[PDB]
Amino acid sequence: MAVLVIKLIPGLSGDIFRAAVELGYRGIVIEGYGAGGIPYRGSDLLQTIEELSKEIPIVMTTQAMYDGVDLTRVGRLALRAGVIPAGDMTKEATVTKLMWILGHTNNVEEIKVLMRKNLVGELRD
């Protein structure tokens, strides 16, 4: 049921993510840069995420206020690593949607579908 929300900043490694899985956290939300930044050089983040993504759901939203995230167009990268996009969801809707889904399922492939589907108007899909 438990969820960790981390804001991406420069000089931030995978090590803390590894430790959340290792602490029994069930999901991670990342406030990426802009429309979905994911550092892929000078950083183990892209590696580390690519590992943990196929264990727990790793959700990508933005640290900005307006305009969701568009990994399709750094983003494609993360998507191909296992990152689940929050699209245009609020931070609150993103956290609570994930949690709601968790207590129902543990399977990352299913979560990715539900997290992508518009349930109650939270999301433009």
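When you see a residue number, it is the position in the sequence shown, counting from 1. C-alpha atoms forming the largest set that superposes within 1.5 Å between two forms make up the rigid core.
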| property | result |
| --- | --- |
| Positional deviation of Cα atoms in 5 other deposited structures of this protein after core superposition, greater for 35-43 or 76-84 | 35-43 |
| Deposited-sequence gap flanked by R73 and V74 | 1 to 3 |
| Mean temperature factor over C-alpha atoms, higher-scoring stretch between 34-42 and 59-67 | 34-42 |
| 74-82 set against 22-30, stretch whose average Cα temperature factor tops the other in the entry | 74-82 |
| From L8, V120, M1, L4, residue of greatest CA B-factor | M1 |
| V95 - Cα temperature factor, lowest/middle/highest third of chain | lowest |
| Record-listed C-alpha B factor of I49: chain third | highest |
